[PDB]
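Single chain ahead, written as structure tokens, the form deposited in one PDB entry.
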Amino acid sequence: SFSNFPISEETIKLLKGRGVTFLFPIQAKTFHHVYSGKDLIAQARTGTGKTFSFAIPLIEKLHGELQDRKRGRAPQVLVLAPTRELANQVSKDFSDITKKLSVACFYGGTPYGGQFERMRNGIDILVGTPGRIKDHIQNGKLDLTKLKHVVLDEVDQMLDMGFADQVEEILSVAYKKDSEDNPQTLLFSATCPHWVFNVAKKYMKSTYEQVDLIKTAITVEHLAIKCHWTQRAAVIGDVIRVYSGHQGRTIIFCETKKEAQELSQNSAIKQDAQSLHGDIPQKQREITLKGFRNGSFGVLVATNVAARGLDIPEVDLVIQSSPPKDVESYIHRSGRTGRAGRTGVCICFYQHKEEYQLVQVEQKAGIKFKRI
């Protein structure tokens, strides 16, 4: 339900056709900022709902404001996205939830004439890629001097791809006034490097708001699996398939060389595993780590002895064979899990006689395990 937000019954019915029945956190925490006219930078992980976080409050805003839509009117909202595929998706999301507003999407690799006719007939929300939008400014057909809202979607990707200069050329036309008359500026992305914000800041009022759901996100899950030591190898095979699977990276830490050597020879993982312990001379240790990084094998079994000082690559899954005594090392290893934006998984095995040790790890690391 939508009781906390000024969303009309018409919009709610369209949202149901898209499977939307309540607002995700990034949407709920940004609605009032966007709707009330504040400049905003919002950061949330990929897939968490950034598109509707700007599209729903903007559409409700325009539905209240643009009661008299004349032929030829200039857009009120501009959304720049870095690829044709991303621009199309954002435009589709707008046009699925408003049947009142004129929504247009301008990208390259497509005819100019149809875009000319959208501009002649009138546009309320313009979505596009920077290149084609800049072309239409230069050819004199697109009027961006009456914008009230500007969205830079996936702004990190957009500037990484080289669009800073084209974006600045487009926005220079729309921010010709002093601040109070400038468009509201909305930035949405999963990251915002320093150098990207240094570009965008030029278009943000000093009063801008920030919603960062990255800093509060659960990016590493801690699981504790109660297990007799004889079953560990078979369970390790299962959790590797679940959480690392194809093309994955797993590192297993154990106490003794015998455990590390036997675990790496166990038919549950042997075909994809190499071991690392204090008997291995430096040169082969280095060779083994290069093969772990370059995909030669997917499971590294290391004694806590060999792991002291070792530089740990990013991995999908960390497994501790028993609750670690060196919680500092555990905290460090857990921070290495989760690749390509995915949530990392750390698994601690434990036996009945080790259950209080799990509580000690929880206290010393300030975490809580999910017990399985």
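Don't overthink the numbering: it's just position in the shown sequence, from 1. Here the rigid core means the biggest group of C-alpha atoms that line up within 1.5 Å when the two forms are laid on top of each other.
Missing-residue comparison: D68 falls in the unmodelled set for a third or more of the other PDB entries checked. Gaps at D178 occur in at least a third of the other compared entries of the protein that contain both adjacent residues. For the pair 86-94 and 286-294, the record assigns the higher mean C-alpha temperature factor to 286-294. Per-stretch averaging of Cα B factors for 323-331 and 37-45 places 323-331 on top. Note on the listed residues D156, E259, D124, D143: the highest Cα temperature factor in the record is that of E259. Taking the deposited Cα B-factors for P130, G278, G108, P75, the highest one is held by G278. Ranked by C-alpha B-factor against the other modelled residues of its chain, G64 falls in the highest third. Ranked by C-alpha B-factor against the other modelled residues of its chain, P313 falls in the middle third. Annotation for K215: C-alpha temperature factor in the highest third relative to the rest of the modelled chain, per the entry. Ranked within its chain, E209 lands in the middle third, by CA B factor from the PDB record. Annotation for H32: C-alpha temperature factor in the middle third relative to the rest of the modelled chain, per the entry.
Quick note: we don't show the form deposited in another entry, though the next part is all about it.
With the two forms fitted on their core, the C-alpha shifts between this form and the one not shown stay under 2 Å for all of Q166, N88, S296, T145 except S296. With the core held fixed, the Cα of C254 is displaced between this form and the one not shown by 2 Å or more. The two forms, fitted on the rigid core, differ between this form and the one not shown by less than 2 Å at the CA of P183. With the core held fixed, the Cα of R336 is displaced between this form and the one not shown by 2 Å or more. Expansion of the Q43-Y243 CA spacing by 3 Å or more is recorded in that other deposited form, set against this form.
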